[PDB]
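Let me begin by presenting the structure, written as structure tokens, before commenting on it.
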Amino acid sequence: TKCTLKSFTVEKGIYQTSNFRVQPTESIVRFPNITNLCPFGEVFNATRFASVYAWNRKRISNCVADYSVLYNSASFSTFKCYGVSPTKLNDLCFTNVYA
Amino acid sequence: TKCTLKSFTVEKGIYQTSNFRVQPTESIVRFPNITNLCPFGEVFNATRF
Amino acid sequence: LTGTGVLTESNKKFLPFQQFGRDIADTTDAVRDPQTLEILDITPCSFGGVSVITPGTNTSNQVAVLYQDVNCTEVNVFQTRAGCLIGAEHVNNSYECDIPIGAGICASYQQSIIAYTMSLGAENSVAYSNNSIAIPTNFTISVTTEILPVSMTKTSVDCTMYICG
Amino acid sequence: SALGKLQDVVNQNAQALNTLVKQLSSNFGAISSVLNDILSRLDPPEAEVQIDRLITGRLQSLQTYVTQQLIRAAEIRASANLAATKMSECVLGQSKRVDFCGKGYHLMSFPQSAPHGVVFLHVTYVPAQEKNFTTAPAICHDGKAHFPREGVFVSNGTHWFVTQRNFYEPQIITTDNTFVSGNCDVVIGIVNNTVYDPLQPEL
Amino acid sequence: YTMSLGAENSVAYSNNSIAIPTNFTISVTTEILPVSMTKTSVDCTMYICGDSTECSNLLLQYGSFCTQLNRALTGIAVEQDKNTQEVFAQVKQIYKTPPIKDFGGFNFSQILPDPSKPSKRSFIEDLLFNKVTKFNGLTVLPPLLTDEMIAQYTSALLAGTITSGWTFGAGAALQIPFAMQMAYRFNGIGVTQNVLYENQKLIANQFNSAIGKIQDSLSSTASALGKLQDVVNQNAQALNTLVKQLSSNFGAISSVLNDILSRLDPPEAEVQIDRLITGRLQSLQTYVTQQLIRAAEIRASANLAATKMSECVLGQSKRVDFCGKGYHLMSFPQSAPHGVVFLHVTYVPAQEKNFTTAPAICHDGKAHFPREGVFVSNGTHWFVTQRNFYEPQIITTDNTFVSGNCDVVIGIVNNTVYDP
Amino acid sequence: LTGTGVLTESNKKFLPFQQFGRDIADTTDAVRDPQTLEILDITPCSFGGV
Ligand SMILES: *[C@@H]1O[C@H](CO)[C@@H](O[C@@H]2O[C@H](CO)[C@@H](O)[C@H](O)[C@H]2NC(C)=O)[C@H](O)[C@H]1NC(C)=O
Ligand SMILES: *[C@@H]1O[C@H](CO)[C@@H](O[C@@H]2O[C@H](CO)[C@@H](O)[C@H](O)[C@H]2NC(C)=O)[C@H](O)[C@H]1NC(C)=O
Ligand SMILES: *[C@@H]1O[C@H](CO)[C@@H](O[C@@H]2O[C@H](CO)[C@@H](O)[C@H](O)[C@H]2NC(C)=O)[C@H](O)[C@H]1NC(C)=O
Ligand SMILES: *[C@@H]1O[C@H](CO)[C@@H](O[C@@H]2O[C@H](CO)[C@@H](O)[C@H](O)[C@H]2NC(C)=O)[C@H](O)[C@H]1NC(C)=O
Ligand SMILES: *[C@@H]1O[C@H](CO)[C@@H](O[C@@H]2O[C@H](CO)[C@@H](O)[C@H](O)[C@H]2NC(C)=O)[C@H](O)[C@H]1NC(C)=O
Ligand SMILES: *[C@@H]1O[C@H](CO)[C@@H](O[C@@H]2O[C@H](CO)[C@@H](O)[C@H](O)[C@H]2NC(C)=O)[C@H](O)[C@H]1NC(C)=O
Ligand SMILES: *[C@@H]1O[C@H](CO)[C@@H](O[C@@H]2O[C@H](CO)[C@@H](O)[C@H](O)[C@H]2NC(C)=O)[C@H](O)[C@H]1NC(C)=O
Ligand SMILES: *[C@@H]1O[C@H](CO)[C@@H](O[C@@H]2O[C@H](CO)[C@@H](O)[C@H](O)[C@H]2NC(C)=O)[C@H](O)[C@H]1NC(C)=O
Ligand SMILES: *[C@@H]1O[C@H](CO)[C@@H](O[C@@H]2O[C@H](CO)[C@@H](O)[C@H](O)[C@H]2NC(C)=O)[C@H](O)[C@H]1NC(C)=O
Ligand SMILES: *[C@@H]1O[C@H](CO)[C@@H](O[C@@H]2O[C@H](CO)[C@@H](O)[C@H](O)[C@H]2NC(C)=O)[C@H](O)[C@H]1NC(C)=O
Ligand SMILES: *[C@@H]1O[C@H](CO)[C@@H](O[C@@H]2O[C@H](CO)[C@@H](O)[C@H](O)[C@H]2NC(C)=O)[C@H](O)[C@H]1NC(C)=O
Ligand SMILES: *[C@@H]1O[C@H](CO)[C@@H](O[C@@H]2O[C@H](CO)[C@@H](O)[C@H](O)[C@H]2NC(C)=O)[C@H](O)[C@H]1NC(C)=O
Ligand SMILES: *[C@@H]1O[C@H](CO)[C@@H](O)[C@H](O)[C@H]1NC(C)=O
Ligand SMILES: *[C@@H]1O[C@H](CO)[C@@H](O)[C@H](O)[C@H]1NC(C)=O
Ligand SMILES: *[C@@H]1O[C@H](CO)[C@@H](O)[C@H](O)[C@H]1NC(C)=O
Ligand SMILES: *[C@@H]1O[C@H](CO)[C@@H](O)[C@H](O)[C@H]1NC(C)=O
Ligand SMILES: *[C@@H]1O[C@H](CO)[C@@H](O)[C@H](O)[C@H]1NC(C)=O
Ligand SMILES: *[C@@H]1O[C@H](CO)[C@@H](O)[C@H](O)[C@H]1NC(C)=O
């Protein structure tokens, strides 16, 4: 009270404060378990690719894919990752992964 | 009126739903009449050259 | 000179020197025609908003629309100082204002929607004379109700949670 | 709709609050309206710009909300001062202010509570059964002009009476309800009659 | 120089001396009160964005700000109509004046409406209206009441107070001859009916001269109606500032969206676009906030005007300096473009003359007190005179009452009380 | 959908395709646990003040 009143004499009354962050116990994560590691080498290191004039879209879905192995690889240079960040890709969950 | 008030029922009154603005129709350009047209032609058609 | 508007013939004239003309607050007001030397005034075409008059879904669903400060020619139509009213029919009768439209014109639901000049009251010429008095011989004892707000909800927001959480 | 005024205030609050919360779902040019998602996708150096975009808009909305709340509080405070004055004058006493304590000659007011306000039941006196009478500014008797002490000089066409100004109670014209000032040569509308003296017959 | 508050008058106070007025200077003071401001509205989309589709695709990521602004302006306009209704629409059964204006010698021709069809106003109303004098997505809504109907309300109130008095403000308009209503208003301000009835001709020339002076003062000076002119100029200047804020870069390349959309690639032209958007939003928000504050001020003034019309026009106020300075008799409403003018008729004593007094008079050891007046002395003889007008009325038992003996009261002066 | 709150057992009925139901100001109010498909209500934790 006396710190927010900027004084050492307070007198009668009521005086307020700031956020009441009731600290939540632990942390819960409820990601669905497909129990199927997503084979992601289907796209990057696989057979011969298509041409730019006829580019092809691949789909990976209903699987648990990890981008950390991709970023950690030093061969995979020239990253931009517009709209997101490579370090924060891991915790994100997606559905429409158009490759 | 229902959509702007965002209520299915409305009550007696007057409500400014939207705005009306007249569309322009064709376009016009006006400049000083004729020209100060040069005696350029006498150069192209000169006799003593 | 670039813009949009209605280019009407103007009675007021520039000097032979002056070619353009502005209005007060520095807005274009008239321009002399360069082809033939005469001065045409400018009045930008109507852009007044549109409003809807309704008696309420409880009574009916008929709609009357007011295009403010727009002639009915520039899209039963009734021309009013407030604007052009469509869907409401003018009537010579006078009634107490029900849905205020403006400039003395009010609308009401009477089947359809009728618009009129509000009646200020019943014209009552008091029987005044310099030797005539009116004394009451009775009374009423009237109980009326006067509602007055004295307080509102004591809301209180915290900026940190609202902005950051 | 009788309590519409009170309802208005409530609405003017609730709507405002709703508007405020609806301002929490506005991008304000930012990538989203959720801080957690922005912090979970972008790096903090680049998430700072989006957080600034959200903060500027939210702070402007909050300041606008507080400003309109202050204006509403000013108007409600004016209304509360009016209500306190009406409780002090209409309720705790009898008010001679016209149309302050309802329409008509105010008699007394009864307060009643309402969720966010007060309702005054104004009991006022409205006289209505009119009768016209022929009227005199003054009465001439022995050249005295005999002005009325407390009432008006009405007449049934033929005879004259001194009634009170708000209820037809005729009473005869006597020296006890009538006082003398001057002679009958100055008053424009003087009317000649007889004022009765009680004392002489009382002998 | 150092200002002087006025003349250092020193009243001739004494513990036995009074100053009883012997005349009066019936006067008509003037009061001007604003009751409404210009009903305006702004199309926030058209204002901020003009007609560009890109800006209209923005200003929605900013949320419901435009709805807030137009709702506030609509509320202000409805409040202006409510103010005009409260000040003027206070009388039922719009009244008319008799064809024969025999109001005890009084002359209300300048305030009464004239058939010569200036709208339907009166002479004073014509002078008042003579004295005080769209584009860019902002319009002015016409007032719900037109000046003719406001003048009709004014004429109805004037006819009710001229013929009926204060009765039309309670129930039905009980007609009562003029110069008899005014006698009762004197009764209300203390002086008896004798003053008016014996001074009836004088109290019509005083009032007519006051009305003529009001006419001359209103005609002469251009700053007479300064309050309404200030209101109009303030509204016009706020509108002009709002308009001129459009031609402001606000940190962008230009104040015209077309130029920015022309000379820049839209992805980075977005920065200039929303810089202009924020600037115009701030300007509009400031305009709305100041309009709301000024509307609160105008609402206070309109409530004051309604209270005055209820108490001054429709009654006789005992409140001091409320309906003009002096003992208020009755008031007259007149309409002005955005306000009301009250012609406060007041009574002012003037022409004083001092005598010597006594709290009570001792007769037969009984300490008579004055029933309704003051005890005064001509230096030789004592009289009971009313407190606002010199009228001797030699002391009798009818106008004095006995409260004991001549011991406790301090300023006892021995005398005789006549017995009828 | 990160955030803190109390996850009470929900009583609202969901479309078998609807994943998470919001409310005014698009705050995540109800959510289906991806495993053991059921409905839960997210309610903000105690944020009163002192
Ligand atoms: C490429 O295919 C291999 C499967 O054999 C995986 O990546 C290999 O990882 C090992 C050790 O982690 C390295 O020694 C190899 O050089 C990698 N192979 C490469 C780079 O071609 C993985 O399945 C694929 N890499 C992806 C998907 O990034
Ligand atoms: C533009 O041209 C017209 C005609 O070529 C000029 O106006 C003519 O003026 C004469 C006499 O003043 C009239 O008899 C004609 O009827 C006019 N013509 C028309 C079409 O109205 C005009 O002066 C020219 N503008 C200039 C020179 O600025
Ligand atoms: C003056 O010069 C002009 C410009 O060259 C001539 O205009 C054209 O001239 C050619 C050749 O003389 C003709 O074939 C065209 O028909 C002319 N055009 C027009 C529109 O007439 C013009 O003829 C010359 N004047 C003369 C030669 O008397
Ligand atoms: C004043 O008005 C009241 C009614 O407002 C009159 O009382 C009514 O009298 C009639 C017959 O005399 C009865 O049938 C009604 O039932 C009465 N009404 C009430 C409410 O009591 C009263 O008579 C009037 N005053 C005079 C002097 O006639
Ligand atoms: C004038 O008012 C008086 C007051 O009552 C009326 O005089 C009396 O009327 C009654 C009948 O109602 C008679 O019985 C009395 O003899 C009257 N007293 C008199 C004449 O002194 C009288 O009727 C009224 N005059 C009118 C209405 O013209
Ligand atoms: C009331 O005023 C009128 C005129 O101002 C007077 O009474 C009328 O006088 C005319 C002629 O002077 C007569 O034709 C009418 O019949 C009269 N009517 C009435 C009702 O008296 C008179 O000066 C005033 N009356 C009083 C009593 O003061
Ligand atoms: C008083 O009544 C009489 C009745 O005519 C009128 O005044 C009288 O006028 C005559 C001369 O015309 C005098 O001789 C009388 O002395 C008067 N009577 C008095 C003074 O009482 C007149 O109608 C009345 N006086 C008024 C109304 O002032
Ligand atoms: C009370 O004051 C008024 C003026 O306010 C006096 O009226 C003036 O009287 C003189 C002489 O009698 C006249 O020449 C003026 O024309 C009067 N003026 C007006 C406007 O009528 C009145 O005389 C004073 N009363 C007394 C008793 O002296
Ligand atoms: C009330 O005052 C007005 C204006 O002061 C008078 O109107 C005048 O009428 C007479 C002839 O009718 C002329 O002097 C003028 O036409 C009007 N104006 C002026 C300035 O005099 C009106 O006559 C007065 N009322 C009465 C009953 O006389
Ligand atoms: C004060 O006024 C009284 C009342 O008029 C005066 O007494 C009267 O004086 C006159 C002449 O001065 C006599 O005719 C009266 O008979 C007196 N009235 C009586 C005796 O009752 C008194 O003189 C005045 N005093 C002054 C002017 O100083
Ligand atoms: C007003 O004040 C004066 C001044 O004291 C009083 O006059 C005095 O009266 C007493 C006897 O009553 C004398 O002894 C004094 O000499 C007087 N004073 C003067 C200065 O002469 C007077 O009594 C007071 N009157 C009232 C009503 O209070
Ligand atoms: C009243 O007059 C007398 C002087 O004539 C004074 O009062 C008298 O006081 C004596 C005793 O002091 C009593 O015996 C008398 O009866 C009184 N006379 C009365 C009451 O008439 C005194 O000067 C006067 N009273 C005042 C001035 O208040
Ligand atoms: C996936 O999670 C569900 C949770 O109900 C569990 O029943 C199932 O066995 C899991 N699949 C595995 C472990 O492969
Ligand atoms: C409005 O609706 C109610 C029922 O919702 C009905 O009782 C009432 O009569 C309606 N008012 C009308 C028809 O004017
Ligand atoms: C429509 O606008 C006004 C309103 O009636 C009118 O004076 C004007 O002549 C009309 N415009 C036309 C007929 O082009
Ligand atoms: C009455 O209404 C009709 C049709 O609206 C109109 O022609 C007429 O001028 C109005 N007035 C009179 C007095 O008929
Ligand atoms: C009351 O008014 C009527 C209406 O004209 C009239 O005939 C009657 O004489 C009036 N009565 C009195 C006493 O003036
Ligand atoms: C009025 O007051 C003055 C003081 O200036 C005084 O001289 C005069 O005597 C007083 N008048 C009477 C009648 O006492």
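Scheme for the structure tokens: letters A, B, ... for chains in order shown; per-chain residue numbers from 1; ligand numbers from 1 in order shown.
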
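By only C-alpha atoms, and with residues fewer than 6 positions from residue 17 (chain E) along its chain excluded, the set lying at most 7 Å from it is residues 354, 355, 356 and 357 of chain E.
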
Write a file of the just-selected residues containing N, CA and C atoms, as an mmCIF file, in the first residue's frame.
```
data_model
loop_
_atom_site.group_PDB
_atom_site.id
_atom_site.type_symbol
_atom_site.label_atom_id
_atom_site.label_comp_id
_atom_site.auth_asym_id
_atom_site.auth_seq_id
_atom_site.Cartn_x
_atom_site.Cartn_y
_atom_site.Cartn_z
ATOM 1 N N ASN E 354 -35.428 56.549 3.741
ATOM 2 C CA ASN E 354 -35.178 55.909 5.025
ATOM 3 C C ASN E 354 -36.050 56.496 6.129
ATOM 4 N N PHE E 355 -36.472 55.630 7.045
ATOM 5 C CA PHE E 355 -37.199 55.984 8.255
ATOM 6 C C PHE E 355 -36.546 55.279 9.437
ATOM 7 N N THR E 356 -37.105 55.487 10.625
ATOM 8 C CA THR E 356 -36.642 54.825 11.836
ATOM 9 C C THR E 356 -37.695 53.829 12.307
ATOM 10 N N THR E 357 -37.236 52.682 12.799
ATOM 11 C CA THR E 357 -38.082 51.518 13.023
ATOM 12 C C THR E 357 -38.107 51.127 14.494
#
```

Please report, as CSV, each residue of chain E lying at most 8 Å from chain D, together with the nearest pair of atoms and the separation in Å rounded to one decimal; use only C-alpha atoms, and order rows by chain and ascending residue number.
```
residue,atom,partner,partner_atom,distance
E:61,CA,D:28,CA,5.0
E:62,CA,D:28,CA,4.8
E:63,CA,D:26,CA,5.6
E:64,CA,D:23,CA,7.4
E:169,CA,D:104,CA,7.1
E:170,CA,D:104,CA,4.0
E:171,CA,D:126,CA,5.8
E:172,CA,D:128,CA,7.1
E:174,CA,D:130,CA,7.6
E:180,CA,D:137,CA,6.4
E:193,CA,D:147,CA,7.4
E:194,CA,D:181,CA,6.6
E:197,CA,D:187,CA,5.6
E:198,CA,D:186,CA,5.7
E:200,CA,D:187,CA,7.7
E:292,CA,D:71,CA,7.8
E:293,CA,D:71,CA,7.4
E:296,CA,D:75,CA,7.4
E:307,CA,D:100,CA,7.8
E:310,CA,D:98,CA,5.8
E:311,CA,D:98,CA,5.0
E:314,CA,D:98,CA,7.0
E:315,CA,D:98,CA,6.2
E:317,CA,D:97,CA,7.0
```

Restricting it to N, CA, C and O atoms, dump the selection as a CSV table (one decimal), in the first residue's frame.
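Generated file (selection-v7.csv):
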```csv
chain,number,residue,atom,x,y,z
E,61,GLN,N,-10.0,-4.8,-39.8
E,61,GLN,CA,-9.0,-5.4,-38.9
E,61,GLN,C,-8.8,-4.5,-37.7
E,61,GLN,O,-8.3,-4.9,-36.7
E,62,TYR,N,-9.1,-3.2,-37.8
E,62,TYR,CA,-9.2,-2.3,-36.7
E,62,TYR,C,-10.4,-2.5,-35.8
E,62,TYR,O,-10.5,-1.9,-34.8
E,63,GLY,N,-11.4,-3.3,-36.3
E,63,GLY,CA,-12.5,-3.6,-35.5
E,63,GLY,C,-13.8,-2.7,-35.8
E,63,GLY,O,-14.0,-2.2,-36.9
E,64,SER,N,-14.6,-2.6,-34.7
E,64,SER,CA,-15.8,-1.9,-34.8
E,64,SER,C,-15.7,-0.4,-34.4
E,64,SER,O,-16.7,0.2,-33.9
E,169,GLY,N,-49.8,25.4,-17.0
E,169,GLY,CA,-48.7,24.5,-16.6
E,169,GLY,C,-49.1,23.4,-15.6
E,169,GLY,O,-48.2,22.6,-15.4
E,170,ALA,N,-50.3,23.4,-15.1
E,170,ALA,CA,-50.7,22.4,-14.2
E,170,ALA,C,-51.8,21.6,-14.7
E,170,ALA,O,-51.7,20.3,-14.8
E,171,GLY,N,-52.9,22.2,-15.2
E,171,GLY,CA,-54.0,21.5,-15.8
E,171,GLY,C,-54.5,22.1,-17.1
E,171,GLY,O,-53.7,22.3,-18.0
E,172,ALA,N,-55.8,22.4,-17.1
E,172,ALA,CA,-56.3,23.2,-18.3
E,172,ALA,C,-56.2,24.7,-18.1
E,172,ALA,O,-56.1,25.1,-16.9
E,174,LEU,N,-56.9,27.9,-17.3
E,174,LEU,CA,-57.9,28.7,-16.7
E,174,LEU,C,-57.7,30.2,-17.1
E,174,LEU,O,-56.7,30.8,-16.7
E,180,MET,N,-54.8,41.3,-13.8
E,180,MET,CA,-55.2,40.5,-12.6
E,180,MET,C,-54.3,39.4,-12.3
E,180,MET,O,-54.1,39.1,-11.2
E,193,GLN,N,-52.0,43.9,-4.1
E,193,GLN,CA,-52.7,44.2,-5.4
E,193,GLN,C,-52.9,45.7,-5.6
E,193,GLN,O,-53.0,46.1,-6.7
E,194,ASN,N,-52.8,46.4,-4.5
E,194,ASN,CA,-53.0,47.9,-4.5
E,194,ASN,C,-52.0,48.5,-5.4
E,194,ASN,O,-52.4,49.4,-6.2
E,197,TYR,N,-53.0,47.8,-9.1
E,197,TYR,CA,-54.3,48.3,-9.6
E,197,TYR,C,-54.3,49.9,-9.6
E,197,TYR,O,-54.9,50.5,-10.4
E,198,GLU,N,-53.7,50.5,-8.6
E,198,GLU,CA,-53.6,51.9,-8.6
E,198,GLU,C,-52.4,52.4,-9.5
E,198,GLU,O,-52.4,53.6,-9.7
E,200,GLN,N,-51.8,50.8,-12.6
E,200,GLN,CA,-52.0,50.0,-13.8
E,200,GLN,C,-51.5,50.7,-15.0
E,200,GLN,O,-50.8,50.1,-15.8
E,292,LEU,N,-18.8,14.9,-28.0
E,292,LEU,CA,-19.5,14.3,-26.8
E,292,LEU,C,-19.4,15.2,-25.6
E,292,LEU,O,-20.4,15.5,-24.9
E,293,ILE,N,-18.2,15.8,-25.4
E,293,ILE,CA,-18.0,16.7,-24.3
E,293,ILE,C,-18.9,18.0,-24.5
E,293,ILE,O,-19.6,18.4,-23.6
E,296,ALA,N,-22.4,17.2,-23.9
E,296,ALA,CA,-22.7,17.2,-22.5
E,296,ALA,C,-22.9,18.6,-22.0
E,296,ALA,O,-23.9,18.9,-21.2
E,307,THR,N,-35.7,23.8,-17.3
E,307,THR,CA,-36.0,24.1,-15.9
E,307,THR,C,-36.5,25.6,-15.8
E,307,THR,O,-37.5,25.8,-15.1
E,310,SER,N,-40.0,25.8,-17.3
E,310,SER,CA,-41.0,25.2,-16.4
E,310,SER,C,-41.3,26.2,-15.2
E,310,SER,O,-42.4,26.4,-14.8
E,311,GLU,N,-40.2,26.8,-14.6
E,311,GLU,CA,-40.4,27.6,-13.4
E,311,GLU,C,-40.6,29.1,-13.7
E,311,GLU,O,-41.4,29.7,-13.1
E,314,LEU,N,-43.8,29.1,-16.9
E,314,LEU,CA,-45.0,28.4,-16.5
E,314,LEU,C,-45.4,28.7,-15.0
E,314,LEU,O,-46.3,28.1,-14.5
E,315,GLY,N,-44.6,29.5,-14.3
E,315,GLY,CA,-44.9,29.9,-12.9
E,315,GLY,C,-44.3,31.2,-12.5
E,315,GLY,O,-44.1,32.1,-13.4
E,317,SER,N,-41.1,32.1,-10.1
E,317,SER,CA,-40.0,31.6,-9.3
E,317,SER,C,-39.7,32.5,-8.1
E,317,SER,O,-39.5,33.7,-8.2
```

Could the residues that lie within 10 Å of ligand 9, counting only C-alpha atoms and all ligand atoms, be listed as a ChimeraX atom specification? /E:100-103,105-111,123,208-209,211-212,215

Selection to disk with N, CA, C and O atoms, as a PDB file, in the first residue's frame:
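New file again-v9.pdb:
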```pdb
ATOM      1  N   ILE E 100     -58.720  40.209 -30.208  1.00  0.00           N
ATOM      2  CA  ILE E 100     -58.685  41.512 -29.555  1.00  0.00           C
ATOM      3  C   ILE E 100     -57.651  41.440 -28.438  1.00  0.00           C
ATOM      4  O   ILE E 100     -57.847  40.737 -27.441  1.00  0.00           O
ATOM      5  N   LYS E 101     -56.549  42.169 -28.602  1.00  0.00           N
ATOM      6  CA  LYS E 101     -55.445  42.132 -27.644  1.00  0.00           C
ATOM      7  C   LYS E 101     -55.622  43.237 -26.600  1.00  0.00           C
ATOM      8  O   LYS E 101     -54.872  44.212 -26.534  1.00  0.00           O
ATOM      9  N   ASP E 102     -56.646  43.064 -25.768  1.00  0.00           N
ATOM     10  CA  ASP E 102     -56.902  43.987 -24.663  1.00  0.00           C
ATOM     11  C   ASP E 102     -56.360  43.392 -23.364  1.00  0.00           C
ATOM     12  O   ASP E 102     -57.096  42.920 -22.497  1.00  0.00           O
ATOM     13  N   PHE E 103     -55.037  43.429 -23.242  1.00  0.00           N
ATOM     14  CA  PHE E 103     -54.357  42.875 -22.072  1.00  0.00           C
ATOM     15  C   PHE E 103     -54.016  43.973 -21.066  1.00  0.00           C
ATOM     16  O   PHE E 103     -52.856  44.225 -20.743  1.00  0.00           O
ATOM     17  N   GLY E 105     -53.756  47.040 -21.029  1.00  0.00           N
ATOM     18  CA  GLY E 105     -52.839  48.082 -21.422  1.00  0.00           C
ATOM     19  C   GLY E 105     -51.465  47.589 -21.828  1.00  0.00           C
ATOM     20  O   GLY E 105     -50.716  48.337 -22.463  1.00  0.00           O
ATOM     21  N   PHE E 106     -51.117  46.356 -21.474  1.00  0.00           N
ATOM     22  CA  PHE E 106     -49.848  45.791 -21.897  1.00  0.00           C
ATOM     23  C   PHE E 106     -49.863  45.541 -23.402  1.00  0.00           C
ATOM     24  O   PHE E 106     -50.917  45.380 -24.023  1.00  0.00           O
ATOM     25  N   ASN E 107     -48.671  45.507 -23.990  1.00  0.00           N
ATOM     26  CA  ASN E 107     -48.516  45.392 -25.437  1.00  0.00           C
ATOM     27  C   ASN E 107     -47.459  44.339 -25.737  1.00  0.00           C
ATOM     28  O   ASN E 107     -46.263  44.582 -25.545  1.00  0.00           O
ATOM     29  N   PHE E 108     -47.899  43.174 -26.214  1.00  0.00           N
ATOM     30  CA  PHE E 108     -47.007  42.079 -26.572  1.00  0.00           C
ATOM     31  C   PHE E 108     -46.860  41.921 -28.080  1.00  0.00           C
ATOM     32  O   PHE E 108     -46.558  40.822 -28.554  1.00  0.00           O
ATOM     33  N   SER E 109     -47.062  42.995 -28.845  1.00  0.00           N
ATOM     34  CA  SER E 109     -47.057  42.880 -30.301  1.00  0.00           C
ATOM     35  C   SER E 109     -45.700  42.431 -30.823  1.00  0.00           C
ATOM     36  O   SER E 109     -45.619  41.696 -31.813  1.00  0.00           O
ATOM     37  N   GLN E 110     -44.618  42.866 -30.175  1.00  0.00           N
ATOM     38  CA  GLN E 110     -43.288  42.516 -30.658  1.00  0.00           C
ATOM     39  C   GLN E 110     -42.950  41.054 -30.394  1.00  0.00           C
ATOM     40  O   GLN E 110     -42.132  40.472 -31.115  1.00  0.00           O
ATOM     41  N   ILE E 111     -43.555  40.446 -29.376  1.00  0.00           N
ATOM     42  CA  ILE E 111     -43.255  39.060 -29.038  1.00  0.00           C
ATOM     43  C   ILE E 111     -44.339  38.143 -29.587  1.00  0.00           C
ATOM     44  O   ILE E 111     -44.103  36.950 -29.807  1.00  0.00           O
ATOM     45  N   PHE E 123     -41.615  39.838 -34.164  1.00  0.00           N
ATOM     46  CA  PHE E 123     -40.604  40.851 -34.444  1.00  0.00           C
ATOM     47  C   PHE E 123     -39.290  40.514 -33.750  1.00  0.00           C
ATOM     48  O   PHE E 123     -38.230  40.454 -34.389  1.00  0.00           O
ATOM     49  N   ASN E 208     -43.816  48.411 -21.606  1.00  0.00           N
ATOM     50  CA  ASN E 208     -43.651  48.685 -23.029  1.00  0.00           C
ATOM     51  C   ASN E 208     -42.318  49.362 -23.315  1.00  0.00           C
ATOM     52  O   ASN E 208     -41.669  49.064 -24.323  1.00  0.00           O
ATOM     53  N   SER E 209     -41.893  50.282 -22.446  1.00  0.00           N
ATOM     54  CA  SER E 209     -40.584  50.899 -22.607  1.00  0.00           C
ATOM     55  C   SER E 209     -39.475  49.868 -22.463  1.00  0.00           C
ATOM     56  O   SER E 209     -38.480  49.912 -23.193  1.00  0.00           O
ATOM     57  N   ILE E 211     -39.739  46.666 -23.207  1.00  0.00           N
ATOM     58  CA  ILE E 211     -39.770  45.879 -24.439  1.00  0.00           C
ATOM     59  C   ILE E 211     -39.105  46.642 -25.578  1.00  0.00           C
ATOM     60  O   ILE E 211     -38.348  46.071 -26.372  1.00  0.00           O
ATOM     61  N   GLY E 212     -39.385  47.942 -25.682  1.00  0.00           N
ATOM     62  CA  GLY E 212     -38.751  48.744 -26.714  1.00  0.00           C
ATOM     63  C   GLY E 212     -37.246  48.814 -26.554  1.00  0.00           C
ATOM     64  O   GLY E 212     -36.503  48.757 -27.538  1.00  0.00           O
ATOM     65  N   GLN E 215     -35.850  45.631 -27.789  1.00  0.00           N
ATOM     66  CA  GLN E 215     -35.820  45.664 -29.249  1.00  0.00           C
ATOM     67  C   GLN E 215     -34.613  46.444 -29.758  1.00  0.00           C
ATOM     68  O   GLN E 215     -33.875  45.975 -30.636  1.00  0.00           O
TER      69      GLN E 215
END
```

Can you build me a table of chain C residues sitting at most 7 Å from chain D, with the closest atom pair per residue and its distance in Å to one decimal, using only C-alpha atoms, sorted by chain and residue number, as a tab-separated table?
```
residue	atom	partner	partner_atom	distance
C:131	CA	D:135	CA	4.8
C:132	CA	D:134	CA	4.8
C:133	CA	D:132	CA	5.5
C:134	CA	D:132	CA	4.3
C:135	CA	D:131	CA	5.5
C:136	CA	D:130	CA	4.3
C:137	CA	D:168	CA	5.0
C:138	CA	D:129	CA	5.3
C:139	CA	D:127	CA	3.6
C:140	CA	D:126	CA	5.2
C:141	CA	D:125	CA	4.8
C:142	CA	D:124	CA	5.4
C:143	CA	D:123	CA	4.4
C:144	CA	D:122	CA	5.2
C:145	CA	D:121	CA	4.8
C:146	CA	D:120	CA	5.1
C:147	CA	D:119	CA	4.5
C:148	CA	D:118	CA	5.4
C:149	CA	D:117	CA	4.1
C:150	CA	D:80	CA	4.3
C:151	CA	D:116	CA	5.6
C:152	CA	D:116	CA	6.2
C:163	CA	D:58	CA	6.1
```
